[PDB]
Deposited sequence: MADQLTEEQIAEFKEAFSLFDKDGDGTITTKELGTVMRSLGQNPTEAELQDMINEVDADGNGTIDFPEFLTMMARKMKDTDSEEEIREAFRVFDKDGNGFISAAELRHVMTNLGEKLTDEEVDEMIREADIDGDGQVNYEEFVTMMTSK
């Protein structure tokens, strides 16, 4: 969809910390994902058409495509859960983020029911 690409583009800037338009490892590790260095050079090698190794946004999306998505969203929630109870706390969301008051304002604005924490059934609503 035309919306989903724009959402990915905003996410792409969290990969493009330098702001130039070009790292994957740095954020992939920091997002708390084990997979080492060997596989990254191999994965980039499918979209880099000019050989430059320059990472461009149109490359990013195609590089992500496969020939199951519902479980990916559920796995994304598990990236927020440090322990894995079913709720995300202010201290949990602060971990993925790296002011504390701003994190509280961020937590409260998602909490639809009123528990002071964010569960999956409401984590999806925010995303779409």
Wait, which stretches of the deposited chain are just not there in the structure? 1 to 5, 28 to 31, 77 to 80, 112 to 117, 148 to 149
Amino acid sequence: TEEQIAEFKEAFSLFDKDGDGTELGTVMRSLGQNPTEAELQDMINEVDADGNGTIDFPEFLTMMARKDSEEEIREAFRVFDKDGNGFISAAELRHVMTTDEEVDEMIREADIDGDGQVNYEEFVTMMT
From here on, numbers count along this sequence of modelled residues.
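The term rigid core refers to the most C-alpha atoms you can superpose between the two forms while keeping them within 1.5 Å.
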Which is farther from the shown form in 5 other deposited structures of this protein in C-alpha RMS with the core fitted, 28 to 36 or 87 to 95? 28 to 36
Please tell me which region, 108 to 116 or 13 to 21, has C-alphas lying farther from the displayed form on average in 5 other deposited structures of this protein, with superposition done on the core. 13 to 21
I'd like to know whether residue 67, which is modelled here, goes unmodelled in a third or more of the other compared entries that cover its flanking residues. yes
